[PDB]
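Next up: a single chain in structure tokens, the form deposited in one PDB entry.
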């Protein structure tokens, strides 16, 4: 009864078919004939300077430590370029087709960027990187940009010449930006003078200057290219253009890449330690991101697509730039926020550009729900037919609101589960063919074999089951390693021979539908952003008066999960609102606003530790959630902390 059937119109329009059988027939084929399946997709849908030698052997891999090093290769011996598949090959047939319907935060700032215009922008920038900054195949380029056309231009210019990009979310502090540039050893930083988020100025160049001063004090010598959106080492993009020759505006050769040449680095939070650079290569990621974009959203050439994610996250890589452009999509590119000038903004964009596919996140949805349906009903949503959710679980009422108010009830919802490490969608509905259970990711994508591993015995559980979500077989979009640390990669994701461990928990029901329960490690999902507890603790501890801290998640009604901080101060410290405010500001300096603690509790007699000195985080998880029952607390070094924490927490309410 908790099932919503797809719309008949989406069934008639589906690339797959009108019935679930149409999807299952394809899926079983993608599993029984994995090589042939991906060989047909890659050959039908992409351009190759050179094709893999044998369609029988389009992949090789090892998911078992005990047999040797973990590895995965797709389309070995193939040669291609991501920029060529995203731009050049669409020309001249789709020269005048709109790539990005761009709007700034200021609604009077708009720009309809065609694929032809993207080409000019990319070759110009690519020639600047080549002949003015000496960017070569393999060189790392950092991006610190807002959601403007230049951000996609920069990712494709680097891809055109073989450069490895690393995108730093424009909301990260200077220290956060500095750390990522150093670890990637970037030759160049591309940024913009500033951006806007409502009425708040986002001066990006000034932050970047603080990051660069820090890198230069550490020995580095990083160049900076600055686009004018609203100066040492620092060159304005206009000055660089003025140095280009007329032919350098027209033409730039494509650097043809091998299947496993690196495409980008993306720093991702983990259960322990600082964020690590996840490494994605060329051929496999290209095929998987574009193929998932096509089927998970049933994109057709007459659709208009709008993803609200930032390029600084994997969602923006795969489903704002790389994926959509490779399938010659017409997309909306929005620099601003959903509540400026008011909360109708996204719906004004939907009718203005006749959007038919909208890809957003539960946190944004729940924010829109707090503002009133009237902010939605003033815009025309008759063109919407597919709605997408990503980043974290979506509750039933939010799912129903999205489809019924947002989509006027004539939409299919694709709640897609996946990760930075998976490259693209892994469990997702497909419009027209997949029955929907509100809150469920439903069925695995073509060529994906998920499993539920028993938490204690680490065996696969048949039929309905709850446990650890794992992937028992490789897929083209899988991350290949961690930058300069394959051992950490093997330990983190392949501790169970034969499986990729996702770090999520999930339940599978009697129809084979998957329900993702959230992280099972020390990783938080705060406002759809992935953040680790260890790095928040390290930031909290940098405050001169903080001795020790412990960070746990706890339930929140908009962000899903909030950040709860237990901390002890230096002796003789007067705890005041200002002090606690200065500690919040310390996290925002070290990391950024996305990691702002929500609650800060003083462990008045200390943090709960075992006799051996290990913090008992389960006790902190239970206290922050108000569960005072499931706590033996006598193995503690100081058992009296429990009543201190329960009391101080109730005093805070």
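So that the term is clear: the rigid core is the largest set of C-alpha atoms that superpose within 1.5 Å between two forms. Positions refer to the first chain, counted from 1.
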note = What lies unmodelled of the deposited sequence between residue 230 and residue 231 amounts to 4 to 9
inquiry  = With respect to the deposited sequence, is there a break between residue 570 and residue 571 in this entry, and if so is it 1 to 3, 4 to 9, or 10 or more residues, or none at all?
reply    = none
query = Between 435-443 and 453-461, which has the larger average Cα B-factor in the PDB entry?
reply = 453-461
Which of 31-39 and 619-627 has higher mean CA B factor, as the PDB entry lists it = 619-627
inquiry  = Out of 560, 391, 476, 146, whose C-alpha atom has the biggest B factor in the entry?
reply    = 560
note = Listed options 212, 122, 87, 165: highest C-alpha B factor recorded at 212
inquiry  = When the deposited Cα B-factors of this chain's modelled residues are ordered and cut into thirds, is residue 408 in the lowest, the middle or the highest one?
reply    = middle
request  = Would you mind ranking residue 195 by its C-alpha B-factor against the rest of the chain and naming the third, lowest, middle or highest?
outcome  = highest
ask   = Which third of the chain does residue 600 land in by C-alpha B-factor: lowest, middle or highest?
value = middle
request  = For residue 271, return the chain-relative third of its C-alpha B-factor as stated in the PDB record: lowest, middle or highest.
outcome  = highest
Chain-wide C-alpha B factor ranking for residue 494, given as lowest, middle or highest third = middle
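Not pictured, yet referred to below: the form deposited in another entry.
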key: Flagged residue of 39, 31, 616, 594 - C-alpha shift reaching 2 Å or more between the shown form and the other one, core superposed   = 616
inquiry  = Given a superposition on the rigid core, I'd like a yes or no on whether residue 57 shifts its C-alpha by 2 Å or more between the shown form and the other one.
reply    = no
query = After fitting the rigid core, is the C-alpha of residue 20 off by 2 Å or more between the shown form and the other one?
reply = no
Core superposition between the shown form and the other one, C-alpha change of residue 70 at least 2 Å = no
